Amino acid sequence: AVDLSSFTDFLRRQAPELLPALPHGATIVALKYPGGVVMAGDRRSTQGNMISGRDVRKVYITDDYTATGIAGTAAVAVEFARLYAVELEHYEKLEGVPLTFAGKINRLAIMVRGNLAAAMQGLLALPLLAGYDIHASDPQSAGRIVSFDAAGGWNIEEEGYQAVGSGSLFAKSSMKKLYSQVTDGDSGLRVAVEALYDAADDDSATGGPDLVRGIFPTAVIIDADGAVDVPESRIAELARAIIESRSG
Amino acid sequence: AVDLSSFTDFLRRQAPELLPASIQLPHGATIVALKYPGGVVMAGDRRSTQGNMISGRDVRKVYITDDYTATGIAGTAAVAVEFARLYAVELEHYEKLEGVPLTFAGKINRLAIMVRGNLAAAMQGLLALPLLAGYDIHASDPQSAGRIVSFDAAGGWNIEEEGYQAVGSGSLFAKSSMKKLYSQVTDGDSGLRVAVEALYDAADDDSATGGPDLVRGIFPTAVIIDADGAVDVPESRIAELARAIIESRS
Amino acid sequence: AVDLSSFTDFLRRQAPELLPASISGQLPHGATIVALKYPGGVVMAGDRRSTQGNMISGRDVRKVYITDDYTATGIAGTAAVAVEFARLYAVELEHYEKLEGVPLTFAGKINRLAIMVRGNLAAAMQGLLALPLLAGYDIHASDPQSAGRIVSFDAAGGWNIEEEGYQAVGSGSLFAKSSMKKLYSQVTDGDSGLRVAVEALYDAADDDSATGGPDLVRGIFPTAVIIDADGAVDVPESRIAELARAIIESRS
Amino acid sequence: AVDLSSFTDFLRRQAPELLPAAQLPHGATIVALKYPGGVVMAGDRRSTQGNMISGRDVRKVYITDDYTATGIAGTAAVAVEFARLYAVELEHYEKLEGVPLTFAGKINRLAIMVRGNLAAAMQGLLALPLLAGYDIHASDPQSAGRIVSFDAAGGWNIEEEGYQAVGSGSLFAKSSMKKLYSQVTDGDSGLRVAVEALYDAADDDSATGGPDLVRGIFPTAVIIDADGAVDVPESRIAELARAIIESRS
Amino acid sequence: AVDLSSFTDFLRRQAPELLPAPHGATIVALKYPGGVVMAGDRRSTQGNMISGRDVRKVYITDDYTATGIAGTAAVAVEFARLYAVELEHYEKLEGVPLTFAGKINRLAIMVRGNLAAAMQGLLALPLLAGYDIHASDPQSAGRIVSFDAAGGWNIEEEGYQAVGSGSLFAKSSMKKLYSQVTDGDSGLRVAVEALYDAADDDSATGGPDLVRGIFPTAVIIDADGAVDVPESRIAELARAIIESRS
Amino acid sequence: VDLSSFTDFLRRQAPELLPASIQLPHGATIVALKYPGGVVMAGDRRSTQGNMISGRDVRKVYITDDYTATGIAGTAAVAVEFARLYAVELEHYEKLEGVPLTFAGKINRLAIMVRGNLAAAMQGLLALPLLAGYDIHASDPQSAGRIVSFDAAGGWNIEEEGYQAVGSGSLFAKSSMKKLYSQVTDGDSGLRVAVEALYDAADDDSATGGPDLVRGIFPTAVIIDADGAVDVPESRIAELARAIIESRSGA
Amino acid sequence: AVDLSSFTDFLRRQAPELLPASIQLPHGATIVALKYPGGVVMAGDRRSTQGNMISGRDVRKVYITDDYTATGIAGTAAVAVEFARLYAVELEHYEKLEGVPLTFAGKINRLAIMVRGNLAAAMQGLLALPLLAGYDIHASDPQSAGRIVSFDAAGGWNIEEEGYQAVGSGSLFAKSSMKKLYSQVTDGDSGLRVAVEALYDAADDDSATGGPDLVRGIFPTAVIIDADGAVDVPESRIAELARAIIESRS
Amino acid sequence: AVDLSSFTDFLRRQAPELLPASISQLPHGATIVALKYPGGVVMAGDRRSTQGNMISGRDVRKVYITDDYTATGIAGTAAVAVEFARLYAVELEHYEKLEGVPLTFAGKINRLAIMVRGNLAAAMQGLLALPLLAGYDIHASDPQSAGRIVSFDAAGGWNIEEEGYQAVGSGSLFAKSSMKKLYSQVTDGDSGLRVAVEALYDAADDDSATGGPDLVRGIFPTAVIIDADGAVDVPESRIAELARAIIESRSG
């Protein structure tokens, strides 16, 4: 044919069935802080009005400088993160060099566009991509946030934050007010956990911090030193701060 | 044109507009009711949703409708507050016209007619599914006097001899929870705990049922009814029962 | 107009709202009811379950009611509709008696029930379905032994006076009827007839999930009514529980 | 049969035609919040038909009696018919009975008008009203202010939060007030927050128009305290607008 | 093309006729320290008629896993035999069993490849129970995995799960009874009780038939492998529950 | 047969890369007019999903080769893809054949890409492009500028009127230019009239966003004369916007 | 039994047949109206189309309805003609019964009710969208006395703050044209030119609107209204204005 | 596989994407006329394009010389019409270069009919293209009767006009009825061309989708005349002159 070095292609021709095809509902947020980007998502899954899951992870580190959060049917979303990570590492092993940021975005858009027919029938997966680009000139401005519409259209945020999922409007309105307070990764992480708190407050499909079972949003932060999972305890303690501060 | 001394029958004949005559709307509630020795208790959540959005968080769904009865209504919020008001006036109207309150059976029958006469509107989604709790003075035994009555959409009514019942989007969860917790009910305080717990369990598995909001301090509302009549349980007593449960789940 | 001394019509003329005419431009249902004739008697019994789809909505439901001193009716179908019919029909019967000083002939009681059923056809088409079984003792009959009567109604009001000796209605009625077809020769009196009846209901519950059989854990059993020359009587729970355990241990 | 002193009831009986029972011009955002000893309510001025802007001067908030105002969202025609009629209904009862309706009776009356429009609302002639009032009979003047929202079936709710909004940009306005509310300590701060929440709604919703500097068109507002209901002067809002605009720059 | 040593692929390529393409049952599964247990009812219905009363719905699929399938009985049974062959086929070709994660992933693909058919009624919703030898902690080794109709899979942190027409009742019951699980025997009692409760509130789930002597079937799995629980140990447990109910 | 068409090649080897066939953000207004020795093209920056504003920085006008630019109005993803694809298609033919396509060939090639999307466009994935170019091989330098519009079936038309627009606010923009056109006498006056027509469209259409002075987002423009296609710098537009705004007030 | 002094309310009561409401009809028109100091002017085209065929070329769509108002109607021709005649009678009827003309606001309200009462029939294509132009005697300022009111299909009415308005198939073109030409209006002559020009522009971009026919000599019809009342503009003065515009475009 | 020397067949076999057919609100509307005069034929078309009621184009050319002795005018969707005119001329010249000799007139007709017919599916969906073909036949026995006019229905059926004139498009009925009265006045290319511009004038008068002569912008119908010396485009000025003549006659 023509070789793009894409695992999605070869996987599709050789083993199309391996390709991805109801639980849904999630809120994922992402914002840029100087020399960094952070991304967090809730843990709820619902089927109609019933809560089908309370531990669901929706934010994944997909390579050393990027993470993706996917909103929509969990089954579609969980696979999607795995496939995209393999796609990225596969190109690096074949060509000995990782894809440019712009190329990582394009590959993801293609995966999303291919899924439009199935998104019209309910297997909708709307991803959010967060990355730090080493090749970019300024470290402070290195962080990137990219959102995708169902047809694969992608957009890079000059806004500073973005969200996707059933509570995304609430989350975005919340960040619109709290953004000026971000000055470093810790404040940025606070604002993200708060925006997700606000979304859970107004949307029954988004679950907020469960203090009884101790389940909290999951987060990932990414700066020049790469992508790291934020530890639970730091999130739990940022939640109680917010809760405590609201009952006040 | 016999006079049934019915306030709604009167409205129908001369004031049709007043009646919720019927030809997404806020909905979603879980109401529970149980019998304890010499008493009946009933509680309901405070949530209202439109699709996935939370439209209300303070909604009251359980109302004392006369000195010995309360009604909790689940379904479309609009249709339920109106139903409780109307039913309470219907009951007090007969009493003033006839100088004597309706027998418990009469009160049940009257509610069933209101329900059944709404089936057409309920088909279109203006559903109202009520739960009735009462204490019968006339009944021979005070301890077993408490009464719980459920209604299906066609007006069918059943008197539950089980000792508990629930209605609303989380009613299955609430009923399974009471099925395990019921043996612990021995007086009005245990019965009210179990009720608040069954409602907690319903909120845990149903996003349409809201559980205790400790941030805003909004809790389920409850009413208890024994030989001395029907009483609103004070918020604080419920709040404390909630913490008890939360504390105990952690 | 022509007065018929009919409580129904009067409700219709002045009280349309009271009438279960709830027909408009899943509700609880499901029951099995059986009835059979024994010399100088008739017996009728029905299960206690109510279902909404696959969920069990009721386990104590009573579907057989004494409607006057010499008749009883069992209604299977939608639970709300069936219960309303039983109360209404009993009032209609006692109403005519008080107005005319004399009870309706058996044929008149049948005809009246058939009109109530037939006038519910439109609503039955819409799921508000009640299909009744009527059991009665006819005092005026020349022979006391052949006095017992069983009448079934189709959804259009057609009625049929059972010549077989037994009948059933409801979701488990085929099973119950096939069972009685084999057990009927054993019926010689009220007690043997009442046993056959509880067994036919047992067999219906065995093959139909909508019909509940005897619940030994909660102690809920079918309800029955027996009617002879001395009038209609509710069979006591314990006599039925006893009869139930006999059948159960006998199947084991 | 039984007189109720209700103008609408009378109209159906003698003047059914007067009664009200695409696409049509629609779209509005309306907010309302309580400040100590008072309540304020404001609404945008835009009207759209699909993507086209059909109106830019539309008034959607009206003083309906000395202690109440109503803001209506939905099909513009049906929403304006509603404010006029509701005001007449209120004054008619007062003249017949020599005393104004209690606050709860005014709410119940509006709920009946709304509910009786459900059929029509299903077919697009929707009218979702927001009611703001000061209750003289209330035990405490500070808590005197009232905000009541209605769902399409007539269900009404008295807000215990402190603010509320209705219309196409209502989510944005509510989320905005959720953050700005603590700053409300009086009628001026409270009016500021309202105009800002409406600014935020126009920012994220093309159906809500924000302040237009070129034409000097600004949201309309009404404030109501123990001394009754009064229209905020345009100029007062215009300068509250620039303040926000300049502050966002 | 790439070989995956999958019996299923082989079938798709060369024997599509063999591939798969009466409902209502309740199946439960829970973790107890050092173990996992899974149980299912025996009823089968067609509408309101009871079509089967002996149906087995829980099968040991390899030495450390069992699957319980809820939905059309035929589809569920075919699925279990096929999955067991797929698992042993990879082992014989590669000389080593699949990792637990690989066994999950394989089941997910079989489920997902039936989504069009499930939309049309041939819905098979499986529950997987297994003990992972390679897992770091032996006590927490046991695993419960549920699948949605699209193949989405979820490993169970709550400690228990259920599927089928009475699954909500069974889940709510275990929610109360779980704290009593401290070992395989208590864990097995809580399972048979949750199934008892499901049968109580759902007519599609059959509970213990004392007249014919038919009881739920169960499988327990710990470090020594998967084993069928003997009927008598269940019948006993059943009788205790009925007596307790009174 | 072999057409040195990157697109035709893509179809045979890489159908996945194509846009494909069988609410998404949309709603843009794009204008273009001819001035002596030049052509100018400009587009708004808004993107809406229903009534919600989904984007406020969207660029919809792209220089596609040294003498042409395309503005696409419609679904945003599709429009952007169309812009990238067409530019590759044009440079691909030049590298394979060593010579750029004639203007008429560029038009025909765009028309085929549009027409081959009609099915998709019936389903909402619409992309209605506007093409602006200067023809070097044109006989007269002053009259060199070209404006071409495409209907959804690929039908193309070269306007002789002097201006054209596409998108949700296009009627407003066109009616505005109809009055303002006589004032265009050089690249600067034509760049003024373009930004004003886009102002007028944003005034009457909620899907077209006008100049955001708070965030400092303005329409993007490209001008093309004998020296090639150049992005107009933001500040020159901002200054033109404030002029118009100021002018609409009183002074 | 409440006398409204309403000709149409009388009609519905007694002779319903005469009412317009019923249930490809000839339709299509462009009507414009603008305010000039001490005056208001209104003009309409003369074409009528059925599909692509021209069914009429002399149609008058602008009518003086009383001494200080005129109405222009766009939509099905049959519906529009009926509305104008009836509205004029309704206005003069109230004046004869009550001895005093309706206030401007009352005239508006009345027209709105006629429109709204045709909504059902409009949904089925019998659409009539009117534009009202009037001079208010009781208005505080004579210069600002002129009024322009537009109606949406549900009867919603709007008084125009902007200075001009248009309705019909070519209304967008006419409105965009006036937006540019409006500053040139300083009196009834400048305002009249700006009106006919806007109608010229509408005819240029919409095939359903006919522009000036120089071969047959058919031109738009116009009415002007100032403190001295409403007048029909004479044809020749419009022909003159048309030729100016035409010549000026070439 | 047989080589028909068909450009269209080659595309269908090798490059379908290029094929006009897009079978799976567009600008459309035109009126085209054609008539025969001794030793000649003339064809003319209007310049308007509409989308609904809006005028989308005012300069559209719809009549094209397709080879030295033929022209085609196409009415329908504009994109489709333009594509057809372009495609058909290539198809004609392609056969001539491959075979060294031009198609016979009947062969040209047949080829156009196949292109039309193969568009029926698309035309059912609104992508209609109804062509009118005018030609001079060199091989005709008599020079005076050499001119040909051929119309096509949507299924590819073609007909040759013995009548002398024909029209297609939204104002074709008006144009035809006008020529019916004016035809006797035709005696040569010049009178023939007047009659044609007049028929198109009449069509514009009664159909809003057909545009008449625009004297303000100076846009007039386009025409092509074809006699033994080949097909020539009539110069704008000769038509503008003819237009004004009719316009003045119409008014005086």
Side-chain angles (χ1 to χ4, degrees), chain F residues 28-47 57-74 76 79-91 100-101 103 106-107 110 127-136 138 141-142 144-150 158-159 162-167 169-170 173-174 177 180-181 184 186-199 201-202 208-211 217-241 244:
Chain F
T29 300
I30 294 176
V31 300
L33 52 80
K34 298 174 49 177
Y35 74 81
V39 81
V40 50
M41 166 169 292
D44 77 280
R45 317 291 296 282
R46 172 170 296 170
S47 196
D57 67 317
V58 179
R59 182 172 285 75
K60 299 167 192 178
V61 181
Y62 288 112
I63 289 174
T64 44
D65 91 4
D66 297 276
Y67 287 95
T68 74
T70 67
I72 307 179
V80 50
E81 294 339 37
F82 251 64
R84 207 167 74 117
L85 183 62
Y86 184 64
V88 161
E89 170 100 354
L90 253 39
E91 184 173 286
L101 240 8
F103 190 67
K106 293 188 195 178
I107 289 170
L110 184 45
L128 220 62
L130 190 62
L131 178 73
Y134 184 83
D135 196 4
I136 49 192
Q142 292 301 291
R146 303 273 180 267
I147 297 171
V148 187
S149 43
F150 295 81
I158 297 154
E159 312 304 322
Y163 53 90
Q164 181 55 272
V166 300
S170 76
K174 247 176 288 173
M177 289 179 304
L180 303 180
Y181 199 50
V184 178
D186 59 87
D188 271 297
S189 56
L191 171 63
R192 207 200 74 258
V193 163
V195 175
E196 206 178 311
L198 233 44
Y199 183 75
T208 297
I217 305 189
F218 304 79
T220 60
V222 160
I223 176 161
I224 310 170
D225 54 22
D227 296 312
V230 299
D231 289 302
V232 181
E234 185 151 66
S235 59
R236 178 46 171 163
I237 284 157
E239 164 183 53
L240 231 38
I244 294 167

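Both backbone and side-chain heavy atoms feed into the values below; hydrogens, waters and symmetry mates do not. Below, chain A is the first sequence line, B the second, and so on; all start at residue 1.
In this structure, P36(F) and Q142(F) approach most closely via the heavy-atom pair CB-OE1, 3.0 Å. Across all their heavy atoms, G209(F) and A202(F) have their closest contact at C-CB, 3.7 Å. Summarising the geometry of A73(F) relative to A28(F), their closest heavy-atom pair is CB-O, 3.8 Å, with the distance given to 0.1 Å. Smallest separation of non-hydrogen atoms from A165(F) and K174(F): O-CE, 3.9 Å. Between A32(F) and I147(F) the shortest heavy-atom distance is O-CD1, 3.4 Å. The shortest non-hydrogen separation linking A138(F) to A144(F) is CB-CA, 4.2 Å.
Applying the side-chain hydrogen bond (donor to acceptor under 3.5 Å, both in side chains) test to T29(F) and every residue at least two apart in sequence or in another chain returns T208(F). Taking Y163(F) as the reference, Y181(F) meet the ring pair (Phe, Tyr, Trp, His ring centres under 6.0 Å) condition, with sequence neighbours excluded. Taking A241(F) as the reference, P211(F), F218(F) meet the side-chain contact (heavy atoms from CB on, under 4.5 Å) condition, with sequence neighbours excluded. Residues forming a salt bridge (charged side-chain N to carboxylate O under 4.0 Å, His left out) with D65(F) (at least two apart in sequence, or on another chain): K106(F). For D186(F), the side-chain hydrogen bond (donor to acceptor under 3.5 Å, both in side chains) partners two or more places apart in sequence, or in a different chain, are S189(F).
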Q: Go through the steps to decide whether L191(F) and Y35(F) satisfy the test side chain to side chain contact (heavy atoms under 4.5 Å, CB included), and finish with yes or no.
A: CA-CA 9 Å; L191(F) 171 63; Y35(F) 74 81; over 6 Å; no
Q | Intermediate values then yes/no, side chain to side chain contact (heavy atoms under 4.5 Å, CB included), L33(F) and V39(F) | A | CA-CA 6 Å; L33(F) 52 80; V39(F) 81; over 6 Å; no
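From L130(F), atom CG reaches atom OG of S170(F) across 10.0 Å, with rounding to the nearest 0.5 Å. Here CD1 of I72(F) is found 10.0 Å from CZ of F150(F). Values are rounded to the nearest 0.5 Å. Taking CD of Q164(F) as the reference point, atom CE of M41(F) lies at 9.5 Å (rounded to 0.5 Å). A distance of 6.5 Å separates OG1 in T68(F) from CD1 in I224(F), rounded to the nearest 0.5 Å.
No donor-acceptor distance shorter than 3.5 angstrom exists from the side chain of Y67(F) to the backbone of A132(F), with no hydrogens or angles considered. Between the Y134(F) side chain and the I223(F) main chain, no donor and acceptor come within less than 3.5 Å of each other.
Shown are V31(F), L180(F), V40(F); of these, the side-chain contact (heavy atoms from CB on, under 4.5 Å) with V193(F) is made only by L180(F). Each of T70(F), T220(F), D44(F) was checked for a side chain to side chain donor-acceptor pair (under 3.5 Å) with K60(F), and the lone residue meeting it is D44(F).
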Let me have the donor-acceptor pairs involving side chains of residues 231-240 of chain F, under 3.5 Å, with sequence neighbours excluded, atom names and distances please.
unit_1  : atom_1 : unit_2  : atom_2 : d
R236(F) : NH1    : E239(F) : OE1    : 2.4
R236(F) : NH2    : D188(F) : OD1    : 2.9

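Other residues, nucleotides and ligands place more than 12 heavy atoms under 6.0 Å from the CD atom of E159(F).
Within the 4.5 Å cutoff, side-chain heavy atoms of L131(F) are placed close to those of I107(F).
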